[PDB]
């Protein structure tokens, strides 16, 4: 393969078989476009999601360093903190989570239910902060405290979106390419774009495996101006570590996340209702509902390169449905 360098990296096995790639016949009949879905929401640990693919690489690295503790950061309802805390429990590592409340809510289900409930079941040590103004710096400061309490911490950045963690999405792109050879004319792929490892890993893999496909990131927290340089830097870092070329443009749509990270919106929630009622698929208010709202509007406004099939990357997130209900 041109991606054989992927095999050099130590990785734990958290997923196993390739997740399903399915046609959505009802959604496709409704929108008048062929739509497929990559089910990375079915990864098998603690209600699943896209970060288990990153943690395969990140946590192998932690064990190679002989760490006994994983430290990461996110919102109170972060799916990434959730998955990290579940993998720590599975492997008998301590977990420390630096959390913020990004939306100033006092609603009890946001503060205590959904992913935050699961953190307690996993004996995660919780450190609250007023704001994740500089997450890398704050995690480093924290890790140095914890190391001085007798532990050996390993720091996973927000979203696990380092180049190493993003190799999980180069892996997802290999599965996608294998599964789409039985999909005449896949034109576009749509994914939420936040901390950017998913988007950037897909970007590097799909450039090599499926070069005619257009990868669109629907932003969940930032403008195209603020987000593009982030995704490009990661794209280049991953491709460097794989000794691959990466010249593809990064495409981002920023119209779908207002009024901010972590705040549900109407088109988001209508997309969650559409996917649940037509296909029995569960999206989420923060990431995948907004990304799907984007895919749907892309159809409406003819925003894609052509009218051909569209593959949606389901990255997970559905446990937050229970935290966001009935409102925040």
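Numbering follows the first chain given and starts at 1.
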In a third or more of the other entries compared, is residue 139 missing its coordinates?
no
Using a one-third cut-off over the other compared PDB entries, is residue 128 one of the residues left without coordinates?
no
Is the mean CA B factor in the deposited entry higher across 313-321 or across 11-19?
11-19
With respect to the recorded C-alpha B factors, which stretch has the higher mean value, 303-311 or 20-28?
303-311
Among 229, 197, 92, 217, the highest C-alpha B-factor in the PDB entry belongs to 229
In terms of recorded Cα temperature factor, pick the maximum from 84, 144, 109, 77.
144
Thinking about Cα B factors across the chain, which third does residue 168 belong to?
middle
According to the PDB entry, is the CA B factor of residue 115 in the bottom, middle or top third of its chain, that is, lowest, middle or highest?
lowest
Using the B-factor values recorded in the entry, state whether the Cα atom of residue 161 falls in the lowest, middle or highest third among the modelled residues of its chain.
middle
Name the third of the chain's ranked CA B-factors that contains residue 72, choosing lowest, middle or highest.
middle
Lowest, middle or highest third of the chain for the C-alpha temperature factor of residue 191?
lowest
